[PDB]
Number of protein chains: 4
Amino acid sequence: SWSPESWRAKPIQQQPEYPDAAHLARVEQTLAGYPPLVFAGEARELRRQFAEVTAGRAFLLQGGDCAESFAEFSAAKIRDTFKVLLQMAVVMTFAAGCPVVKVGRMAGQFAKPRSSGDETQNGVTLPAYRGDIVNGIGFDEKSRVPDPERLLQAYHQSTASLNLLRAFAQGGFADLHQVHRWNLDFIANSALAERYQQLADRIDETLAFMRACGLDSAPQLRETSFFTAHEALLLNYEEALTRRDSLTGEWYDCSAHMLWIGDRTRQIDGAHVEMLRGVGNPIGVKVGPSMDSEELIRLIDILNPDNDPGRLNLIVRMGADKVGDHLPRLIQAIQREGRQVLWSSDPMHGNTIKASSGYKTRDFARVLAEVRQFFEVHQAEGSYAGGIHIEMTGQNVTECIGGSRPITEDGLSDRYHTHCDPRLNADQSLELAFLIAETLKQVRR
Amino acid sequence: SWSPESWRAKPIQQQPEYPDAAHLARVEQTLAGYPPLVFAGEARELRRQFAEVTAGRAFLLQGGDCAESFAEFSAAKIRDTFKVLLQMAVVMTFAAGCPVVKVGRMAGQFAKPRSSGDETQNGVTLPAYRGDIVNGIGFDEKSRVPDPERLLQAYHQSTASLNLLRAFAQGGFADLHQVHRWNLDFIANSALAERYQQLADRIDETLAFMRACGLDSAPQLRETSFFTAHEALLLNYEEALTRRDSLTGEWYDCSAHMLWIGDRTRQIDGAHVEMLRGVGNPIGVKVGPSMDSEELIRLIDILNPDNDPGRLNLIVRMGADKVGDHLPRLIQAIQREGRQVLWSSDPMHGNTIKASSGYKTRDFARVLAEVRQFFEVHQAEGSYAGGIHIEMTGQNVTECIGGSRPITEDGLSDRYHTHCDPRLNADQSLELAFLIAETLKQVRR
Amino acid sequence: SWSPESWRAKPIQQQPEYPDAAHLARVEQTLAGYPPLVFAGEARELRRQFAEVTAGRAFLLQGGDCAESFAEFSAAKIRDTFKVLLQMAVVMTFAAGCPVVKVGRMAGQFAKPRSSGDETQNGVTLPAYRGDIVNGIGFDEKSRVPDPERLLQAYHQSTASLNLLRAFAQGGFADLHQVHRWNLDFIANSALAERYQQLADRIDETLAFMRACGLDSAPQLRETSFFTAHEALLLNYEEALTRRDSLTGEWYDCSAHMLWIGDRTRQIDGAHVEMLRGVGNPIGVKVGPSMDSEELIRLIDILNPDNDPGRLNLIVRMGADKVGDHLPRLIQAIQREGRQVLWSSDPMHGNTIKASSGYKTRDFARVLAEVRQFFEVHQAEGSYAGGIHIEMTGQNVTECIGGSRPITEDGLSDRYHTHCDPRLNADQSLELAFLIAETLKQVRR
Amino acid sequence: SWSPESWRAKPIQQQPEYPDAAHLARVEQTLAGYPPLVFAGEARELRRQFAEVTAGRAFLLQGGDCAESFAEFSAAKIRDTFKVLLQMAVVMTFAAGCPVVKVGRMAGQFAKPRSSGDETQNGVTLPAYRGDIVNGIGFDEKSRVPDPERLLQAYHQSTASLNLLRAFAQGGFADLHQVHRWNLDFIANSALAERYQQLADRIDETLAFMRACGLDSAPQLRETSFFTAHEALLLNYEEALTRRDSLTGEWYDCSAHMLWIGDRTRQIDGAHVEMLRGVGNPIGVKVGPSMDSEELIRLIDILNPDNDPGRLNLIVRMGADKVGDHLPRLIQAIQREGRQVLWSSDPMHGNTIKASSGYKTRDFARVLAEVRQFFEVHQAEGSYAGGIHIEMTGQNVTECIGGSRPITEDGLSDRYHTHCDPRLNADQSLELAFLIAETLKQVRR
Ligand SMILES: N[C@@H](Cc1ccc(O)cc1)C(=O)O
Ligand SMILES: N[C@@H](Cc1ccc(O)cc1)C(=O)O
Ligand SMILES: N[C@@H](Cc1ccc(O)cc1)C(=O)O
Ligand SMILES: N[C@@H](Cc1ccc(O)cc1)C(=O)O
Ligand SMILES: [Cl-]
Ligand SMILES: [Cl-]
Ligand SMILES: [Cl-]
Ligand SMILES: [Cl-]
Ligand SMILES: [Co+2]
Ligand SMILES: [Co+2]
Ligand SMILES: [Co+2]
Ligand SMILES: [Co+2]
C-alpha cells in the first residue's frame, strides 16, 4: 500500500540537507493547500494519447529547458520555446501524416540531479547547486544552503508559466493559420528556413482548401493541447502537489501532467520509484547505458503492474557510440515479455563531454547520430520509435557545437556549459524535426 | 401574371410541328403526373451558390453533353463525364482556394436548336433533327416526323441518369479520397497527366493531415452536391415538369435545377423568355455577338426584376475574334445599372466553323483564346469572371482540332461534326481546368 | 461457382410463364444495358450499418408498400410514405438514443408471390396476378398474360422514385428542422398527435441548443441516408440489374440496396437462394412458422458462409399466437452456432385472415401483440430485437381493423384486401414507433 | 495621447498611501517583468462575444467574489464558484436557445473601494481595509499600513486561480456530459433542485441524440471559454500588467480579460477612466443612481470614441426602488445618440442596507425585484437586457436574507457583512438563472 509520504521510508539519492526540518515542514504544509497545476482528468487524457503513440498511431515530442531559473522568468522566453515546439510539431505532423503529442519540459523543471553532492573552489567546499527550487547558483554559503521557501517561488513561477501556455495553446496563438509566426526571426537566410517557409506555405494551401470545402470553423484547426513534464526529483514538492481525484479517489501528482525518474535516481528499492508507483500520471524513466534487461523488466513490473499501454515512457539516452550496442537487448526483453511501452530517444544526456575544467560540450552531429541509430535499432527489432526528448531554447544562441554555425560562448549560456547542459537552438530543433519527419514518413510508407 | 402555359400565347422559335395535337396533349398529361427530377428546395440552394459566385466567392463549372442521345444511355458514359467534372473541380478548388459550384449538362439536355428547320439530301426534303426528345437522327420520314412519345423516353433517361449522379455524388464516389480514381486511364504519358497526379498527391497529403488533426470523419470530405441543367427549348416538356413548391406555392421548373435560354430563342417578347420569367429556378441566357447592351438590360428587367443575386447567369459566347470587341460594352452597361449577374464563358459555340459540306470544326486553341480574353476583359472592367460553360465527354476521342494530338474522325464522333458540335475530351477539359485555376489564383492573390 | 444466370439451372417457384421466350430475352438485354438503381459502394455502406444493428448499437426500420402499382405512381405518394418513415425514425432515435437505419420497401417492390398460380371466377380460369412488373390486376386474358415489356416500365418507375427519394433525403426535406412538416395533416385531434408534436418540440429545443453551442451548420443535422429494398422474386429483373463493382470485380444486385427472399421461395436448393448467394448486397430472408432450426442454420451456411455481421437479416413473421412457441428455438440455435444475424419482426404477414371470399383482414391489435412478444422473446433469450419490417402507407385510409378508429373499405384500398394485404396507416405506424421507442429505451436503460 | 502611466497625472480617488514610494516602485518593476494573466488575442475574442450580446444574439453572465482573500485560496473554492457559473449558464443556454458569455469575478478581484478612507474603533483610528492586494483586514497598524509586497502575492494567487480555471474549462470539467456534477450537493430536497435535475436530464437526452446523429466527438460539447474580470481600482497593479500586443503594437491590460470602473471612481477627468481609455480590452462601468444622461454620454465618448460594439459594458446598479425611475432616461439618451452598449444589471450593489453598526444586509427579494424591473424597463424602451452581474459563492452559506431559508451568520461570512457584501449562494444563483431563463425565452418567443 502507498501514500504520498511513503517515499520517506525508502532509501534516497540526490536530496538536499535542509538546515531546519520544522521550517521545511511548514513550507510543505503551505504548498499542500495551494491549488494543483493540473487537473487529474488531463493526466488521464495524456495517458490516452501515450497509448496512441505506444500503438504506432502518433509520435511524442517532449522538449524544453535543462532547468528553468528564477532569473529567466519571462513571457518572451516561455512563448519562444513554445513556438519552437509548435514548429517541430507541425513539421512532423504534415510530412508524416501522424498526430504529435506535445509535452513541454516547463512549468516545474527546476530541480537538478548532480554527479557530486558538493563543489570545491580553491579550498572552499559548499553544497552543490541543485536548481533554484532548492538553492542558488552563486558559489557562497547563503546561496548554497537549502532554502525551503524556494519551493513556493518554484510553484509561483510554474502557475504563471502554465497559465500562459494554456492561454497560448487554447486562445489562438497555436491556431494553424499562425504557422509562419512560429518561425523565430533568426531562422532565415538558409536552406532550412526556406524549407520551413515552403512547408508553411503548403499548410496555408491546405487550410485554404479546407475553407473552400466548408471546414473553416473547425475547432481542431484553432487550438491544441499542451502538456507539461519535469523530473520528479525533489519529492517534497511532488508530495505537497499530489492530490486525490474528486470523482475516482485515485492519487495524481498534480505538479505536472507527466513526471519522470532520472537515470541516477531509478533505484528499484528507492524513494523516487516508490513515489511514482502509486500516482495515476503518465510517467517516464531515464534509460542510460548502465541499465540491463533484467533490471528494466523488474522496474516495469513496479511502475506498470497492469501493463496499461499509456502508462510508461522509456526515455533512452545511451550515447551515439553505445545505442547500437545496448538498446537491442532491452527492446528484445520487452517484446519477449509482452510489455507495452512508449520508447523515446533522449539523444542529449548520453552525449555530453566534460573537460577536466568542468566545461560541458555537446556535439550536435553526435545528437543526430544517436537519433538516427535509435530509429535504425527500432527498424531492425520490429518495435516502434515513438518519441523524441530534447533540451532546447527559443533564445538566439548556439550552445551545442558542430551544428551549422560555430558556437556562442555568451555568459547567458555559461550556465549551460557548467551547472546545466547545452540546449538545442531553433535551427538545430528544426533540422531535427525534419529528420524525424522523413524517417517517420519512411516508416509509414 | 404567369402560368406554366402562358408561353403558348407568345410567338415562338425552334418548335417542331407535331402531326397529332391530341396525341401530343395526351403525352403531356402523362408526363404532368410523373414525379419531378428535382425538388424546389434544391433549386433554391443552387440560387444561393450562384449568389456566392456572383459576389466573387466561388466559381461555376458547367459541363456536359452537346445533346444526350437514346443510343448512348449507359452508366459508363454518365460516370466518365462526371469523373471529368470532378477532376476539373478539384483542380480549380485546390489551386485557387475557391469553392466550385458543379452543374452538369446532363439528365435532360436532349432538345437541339437548328440553323435551318429542314434538311435536304439529293432532292428529298425532311424536317430537321431537333434531338431525340423530338425525333430521330435518321434521314427518313418515320425518323423525322415529330413523335410525342419521345418526351417520355427523354424523361425516363433523365430519371435514370440523375438517380445515378445523385448516388455517385452522395454515396462515396465523389469522396476526396477518390481523387486519383477520377483520372481516366487515357490521360497518362504526358506532362498534363503528371500534373494531375501531383495535385492529387498534394490532396492525399492534405487529407492525411486533416486526419492527423482529428477531422477524418467530416461529411464535407466525403460528398458533394451535383446540379443539372439544360436548355429549356422544348416548352411542352418544361411545362409538364413545372410544379408548385409544397411549402411556398411558388412555381419551379422541376425538369432540372437550372434552365437556360439559347441564343436563337431569347426574343424578349418570345415564348422562351415568358416560360422562365415566372419560375423560381436559377436560370441562364446565352449571350452571343448579336446582343447589344440596351437589349441585354431589358432582358434582365424581365428575367430578374428584383435584381436577386443568385437568379441570372449570363453565358457569353462570342468567338475568340469578337469577345475583345463585344463584351466590354455589355459589362459596362450592367455595372452602370447596378445589376447582379453571374458571368460565364461558353468558349465553344462562338468558335465553330461550318465547311460548305456542313462538317463542323472547333479549334481548341481558339477555345482557349476566347477563355483567356474573357478573363482579360473582366480584369480590365473591374467585374468578375465567374464561370465556365463547356461541352465535353469522358469518352476516349478527339473531336476538337489543334489540341495536343490530332483528331479522331471516328463515326462515334460523326454526330458531333454534323448535327451536334465537337466536345472537349478529358485532356482538353483538364488543360482548361489548369488554365482557369492559375488565372483564378492570380485574381485572388 | 456463381454467375448472374446460375439461378436458371435451379428448381424455382412463383415464376410466370411468358408466352414468347425470345421477346422476353430481348427485354432482358435492353434492361441489362440500362443504368443501375444503386452503386455498389452504397450496398457496402448498408452492410456496415446492418453490422451496427446486429451488435446492438442501432435499430432497423424497414417499411413501405405491399406492392407498388403503375396506377399509383405519384410524387405525393412517394413523399407521404417517406414522411411516415422519417417520423417513425426520429421518434425512435430521440427517445431511445439509438441510430435508426432507414430502408424503404420502395422503388422496385412490384413482384408478388401468390398462394395459387391461377384464379377462377365463375367458370373462367386465368393466370394469377403477380404484380405489375409481370402482368395486370384486371381479370381478363390480355391483362393476365405475362408481358415482358413490364420489366422496363417497373425499372422506369423505380429510377423516378429513387431519384426523388435521394433528392428528399439529401436535398433538405429530411433536415431535422423539418420535424413538424413530416406529420401528415390527418394525424391531429388525438393523444398520439399531441404526443408527436411534443416530441417534435423537444427536437426543436435540442437543435436550438446545438445552434447556441456552435453546431448549427453540421451536415449531420441536415441530411440522412435512405436505402431501398424489395423481394427478389422475379429473377429476370434481378439478373439484368446485377453488375460488377468497378473497383473490386465483385457482383452486386444493383436493383436495390437490399434484397430479400420470401417465405414461399426460400428452398435451400432453389433458384432464389442461389441468386442471392453470390451477390454482395445486404440481404434478408422471411422466417415464418414452417422454418425449423436445422433448416435455418443450413440456409445461413449458404447465404452467409463467412458469418459476416452485416450480411443477413432474419425477418420473423410468425403470427401473434405462434411467435412465443416458435422463435425461442430458432434464436437458441443461432446463439449455439455463433451466427451473426440481424433479427427483425415482420408482424404483419403472419397475422392475415383470409375469409372464404378471399377478403383479407389484419387486426392491428394482433400486429402489436406479435411485436411485443418478439421483444419479450429476445429479452428472455439474451439476443437483440434488431428491427421492424412493416407494410404502410402515407394515404388517409384505414386498412387494418381494431386500430383506434374503424376501417375504410374504400375501393382505393380494395387492392389491399384481395390481391395485396392491408397496410398500416400513419396513426398506426406512429403508435408502433412509440411502442418500439419505449421498449428500446427500456432495453438500454 | 496615452501611456500606461498617464493615469498618474490625473486626479484620483480610492488610492492607498504607501509609506515608501521607492519600495513600491521596486515591487512595480518586479511585477512589470512577470508574465501576463491573459494574452491580447483573448481580450479581442471577448470583445467579439460582447458584440454578439450587444446585438441581442447572446447573454452575458458575470459572477464571482465580492473580494477574493489570501486566507481563502483553495482549489475547492475556485472549483465550486465555477460550478455555479456553469450551472447558471447551461440553464440559461438551454431554456433560451441563446449563447451565454461566461465571465468570472475571479483571479484578480482583490482591491475594494470604501465609503470612508479610515476606520475608528474606540478612539483608535487606522487606514481603511482596501482588500488584501493593499493591506489586511485586521484592525491594527501593521495590518493596515499599505504593503507593496501584496501586489505580488495578489498576482501569484491570480496565476494559480486562472491556471486552474483554464484547466477546468478546456480539460474536461466543463464538458456538457458533466452537467449533473456541477450541482453542489447542498442543492437537494427542494423544487429548485428537482428543477435543475430535470433540465440536466433533458441535456443528457439532447447529447445522447447528438451521439445517435453522429456528432458525439464535436469539440464544442466538451470545452468552453471562461474569461476573467475585476475592478481596475489599484492602478499600480494594472499598469505593471499592461503590455503591448506582439502583432499589433496596441496596449492591453493583461491582468484580466475585462476590467471595469467602479461607481465611486468614474470621474470623467479622473485617473481610472484615463487608464482604461487607452487599453484595447472589453471594459465596463458601474452605473448607479447618481449618473445622469449627459454625464453618461460624455463618459462613452471617452471610453468608446469609435462606438465599437464589443467595447463597453454598462453595469446598472440602481436599487429595486430606483431602477424604474432612473434607467429609462439613460437608455433613451443612448438610443437617441446611436451608441452601441452592452447593458447589464448588477442587482446587488444598489440593494445594500447598512445598519448604524456597519452590519450590511441584502434582501434577495429586492435583488430579484431589481432584476425583474431591469428587464421590464428594457422591454418598454425597445433596448436589450444583455447581462447579469452578481456576487456569489459556491460555499454552503446564506448571506442574503429573504431567500428560501433563513440566513447563516457564520463568522466565515462576517467578512461579507462588514468589510465586504453579502453574496448569493447556489440556491439563490440558480433561482436567478431560472428567472433570467424564462424572461429570455419570452423576449425571443
Ligand atoms: N487540434 C489538433 C491539430 C493542431 C495541432 C497543432 C496546432 O498548433 C494546432 C492544431 C491537435 O491538437 O492535434
Ligand atoms: N463537400 C464539399 C467539398 C467537396 C468537393 C468536391 C468533392 O468531390 C468532394 C468534396 C463541396 O461540395 O464543396
Ligand atoms: N444524419 C443523421 C441524423 C439524421 C437522421 C434523420 C434525419 O431525418 C436527419 C438527420 C443520420 O442519418 O442518422
Ligand atoms: N462550447 C460551447 C458550448 C458549451 C457551453 C458550456 C459548457 O460548459 C460546455 C460547452 C460554448 O462555449 O458556448
Ligand atoms: Cl493507460
Ligand atoms: Cl437569389
Ligand atoms: Cl458484413
Ligand atoms: Cl469591438
Ligand atoms: Co540537461
Ligand atoms: Co453544342
Ligand atoms: Co404484403
Ligand atoms: Co461587493
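Excluded from the calculations below are hydrogen atoms, water molecules and symmetry mates; all remaining heavy atoms, backbone and side chain alike, are included. Chain letters run A, B, ... following the sequence lines, proteins first, then strands; residues in each count from 1.
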Students often mix this up, so state it plainly: with edges at 30° and 60°, are the rings of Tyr34(D) and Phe73(A) parallel, tilted or perpendicular? tilted
Heavy atoms only: give me the nearest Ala160(A)-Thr159(D) pair and the separation to one decimal. N-OG1, 3.6 Å
Side chain, backbone, both or neither: which part of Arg243(A) has a non-hydrogen atom closer than 4.5 Å to chain D? neither
Of the non-hydrogen atoms in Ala75(A) and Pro35(D), which two are nearest, and what is the gap between them? N-CG, 4.0 Å
At a 4.5 Å cut-off on heavy atoms, which part of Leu37(A) comes close to chain D: side chain, backbone, both, or neither? both
Taking salt bridge (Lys or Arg N to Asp or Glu O under 4.0 Å) as the definition, give me every residue that meets it alongside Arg166(A), ordered by chain and number, with sequence neighbours left out. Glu42(A)
Selection from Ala167(D), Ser225(D), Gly41(D) maximising heavy-atom pairs under 4.5 Å formed with chain A: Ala167(D)
Which residues satisfy the side-chain hydrogen bond (donor to acceptor under 3.5 Å, both in side chains) test with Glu239(D), sequence neighbours excluded? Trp7(D), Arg8(D)
If I measure from the heavy atoms of chain A, does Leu162(D) come under 4.5 Å with its side chain, its backbone, both, or neither? both
